[PDB]
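Given next, in structure tokens, is a single chain: the form deposited in one PDB entry.
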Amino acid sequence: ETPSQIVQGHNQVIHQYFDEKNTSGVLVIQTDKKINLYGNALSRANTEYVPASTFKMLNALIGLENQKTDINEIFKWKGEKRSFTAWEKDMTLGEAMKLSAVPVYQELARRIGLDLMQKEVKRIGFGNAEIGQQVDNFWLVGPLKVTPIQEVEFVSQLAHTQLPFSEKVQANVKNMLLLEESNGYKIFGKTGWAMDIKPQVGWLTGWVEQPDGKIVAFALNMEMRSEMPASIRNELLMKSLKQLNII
């Protein structure tokens, strides 16, 4: 009369984390040049999606490398009603990164210009590397698309200073992405939510630096719905990283 016991590994647990939210998601992990997939929708890992605000990482790299801006420049709020009151202030590229302040990065994208942007995106080989003709929204409503695996590869290269940009520019953009530090761990990353396409896509791409210096990169990608809190992406990421013993 001994009962059975259900054994939850991290694979089953992370799958069920997405099931509990009634949506499809994948979490891509990269460390030591090895990629592992978790979640309830593993086919998302090799599917192209619009990057949404994850593109701000590459926009910043391009703008700094081509000397269209600098890390101390204060981008002025010129008076239009923005999507959030928190965005209605003068701020640096780094503060706009943390706030995901789209209008600051639209101003930067327009300084870069369509020709230089398209050439730099193709030089990097980011996703499908197609930006179309609208310089101020190509990362929000297409035509630019990238897979979660491509995002984890990109962000791990950034973390290791391996992208084809100067070392100082990569270090500066990394500094804009710090989200949390505690107990010798650092978490860097960038959220994204393409709300104006269907299906909506949500992202959280970044990396953990562990106390011994090891880098564990991640790209979370999930289908969003309007009723979800934005923090759902952070919640799913943090619970999964803990289950994986990354933090």
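By rigid core we mean the largest C-alpha set that fits within 1.5 Å across both forms. Residues that one form lacks are left out of the comparison. Residue indices: 1-based, along the sequence shown.
Absent from the display: the form deposited in another entry. The rest refers to it.
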Of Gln118, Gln170, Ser100, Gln150, the one whose Cα moves 2 Å or more between this form and the one not shown after core superposition: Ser100
Core-aligned C-alpha movement of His160 between this form and the one not shown reaching 2 Å: no
Rigid-core frame, C-alpha of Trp87, shift of 2 angstroms or more between this form and the one not shown: yes
Cα-Cα shift for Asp90 and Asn175, closer or farther in that other deposited form, minimum 3 Å: closer
In that other deposited form, whether the C-alpha atoms of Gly206 and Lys89 sit closer or farther than here (change of 3 Å or more): closer
Sequence-ordered runs, three or more residues, C-alpha shift 2 Å or more between this form and the one not shown, rigid core: 6-8, 78-90, 100-102
